Structure formats: C-alpha cells, structure tokens
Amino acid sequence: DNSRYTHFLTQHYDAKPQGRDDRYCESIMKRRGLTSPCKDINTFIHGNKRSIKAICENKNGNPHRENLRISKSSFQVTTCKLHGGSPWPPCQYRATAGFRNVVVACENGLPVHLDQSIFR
C-alpha cells in the first residue's frame, strides 16, 4: 500500500513547472489542496519521477541522518513560503527557485516524505 508515495507526488512533485514565481506558488498550492489552512512552507521537485524514486536506491541516494536519504543528483526545485499573518486563505506565497540535492524518507523504495528543513 503506497498511498503515501501518491501523497508525496501530490505535495512535492511538479513535472514541468510554468513560471515558478509567486503566482505559480499561489496557484499550485491551491490546486494541490495545501491552502486549508495555508501550509507554511512547501517544496516542489521538477524533472522526471525516475530520478526521485532512485534516491531510495543507491543509484541516486545515500543514507542520511537517522531515517532519511539525500540524493546524489541535484534537482530543479521551487519552494513556496507563506507570507503575511494568517494561516487561512487567501494564502500569499513567495517563491524561491533553487537547484540542489534533496532529502526524502523512503518506504519500500518510494519517497514518502520530503524533509523541508533544507529549504527553510
């Protein structure tokens, strides 16, 4: 049962991002159901899925800290950071594009958790 990998995709995967600017964040955040209440910080990995799953193997990952894996490759990435004083919509986001390796947790060879700390 990998509903958790599906949920990872929903929360942290966007194949081919449009603009990656503020309005991209404000939109994909709403579209992926992360706006009730406003998620304070959330990061989307772009590119193909093969690469993300491969972090679970030695192919594209190393063990990291206690329970996690850190990728060998660098991914294109957009971090959406909630702006303003309310946890409730409308949620205004600032976008930060980046390019670097990511940290996930894996169950049964699939990413089920993104560690958001490296993007804060």
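Note that residue numbering begins at 1 and tracks the sequence as displayed.
Stretches 82 to 90 and 45 to 53 differ in mean CA B factor, with 82 to 90 having the higher one. Looking at 28 to 36 and 58 to 66 together, the entry lists the larger mean B-factor for 58 to 66, computed on C-alpha atoms. Comparing the listed residues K16, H12, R100, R20, the entry records the largest Cα B-factor for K16. In this PDB entry, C106 carries a Cα temperature factor that places it within the highest third of its chain's modelled residues. Sorting the modelled residues of the chain by their CA temperature factor places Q116 in the lowest third.
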